[PDB]
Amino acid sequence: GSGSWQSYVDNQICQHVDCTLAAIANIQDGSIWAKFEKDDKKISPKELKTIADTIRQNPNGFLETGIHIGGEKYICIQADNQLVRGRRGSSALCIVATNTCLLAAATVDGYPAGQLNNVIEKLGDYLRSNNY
C-alpha cells in the first residue's frame, strides 16, 4: 500500500522500456488497473480478458492462436503460466502473470527485446515475492 499502478506503468516500465503499449490488469477478470497507449493503439478489455484466462488456464494456446493485443497479432515464441513472449516484426511483447496481476508491454520497432524481458520479468518477480 503505497503509490498507484499508474506510477508502476509510467515509471517502472515506460521509463525503462520504450513502449508502444503497457498494461497492468487483474489476472482473474482482466479489469485494467493502469495502461499506456502510444499514438493509434488501444487495449480492448476483451483482449486482456482472453490473455488473462489463457495464461492461467491453457498457456500452450498462445502457440496456436498467437497473441492479440493493441488490436494487432503477435507471434508467440514461448508461453507458460508465468511468462509469455511474442514478436511482431521488429517489435517485442512480454507478458507476465503474478499471483494477482497481469503485466504486459510491447516495444517500439527495433528496441532491444532482452531489456523489455528483463524489466517485465524482474518487476513480476518482485511482485510475486510480495505475494502479488
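Note that residue numbering begins at 1 and tracks the sequence as displayed.
Two stretches are in play, 30-38 and 95-103, and the higher mean C-alpha B-factor belongs to 30-38. For the segment pair 41-49 and 77-85, the entry gives 41-49 the higher mean B-factor, averaged over Cα atoms. Sorting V17, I24, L123, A113 by the CA temperature factor given in the entry leaves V17 at the top.
Among the modelled residues of its chain, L63 has a C-alpha B-factor that falls in the highest third according to the deposited record. For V119, the recorded CA B-factor ranks within the lowest third of the chain. Only modelled residues enter the ranking. Sort the chain's modelled residues by C-alpha temperature factor and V108 lands in the highest third, per the entry.
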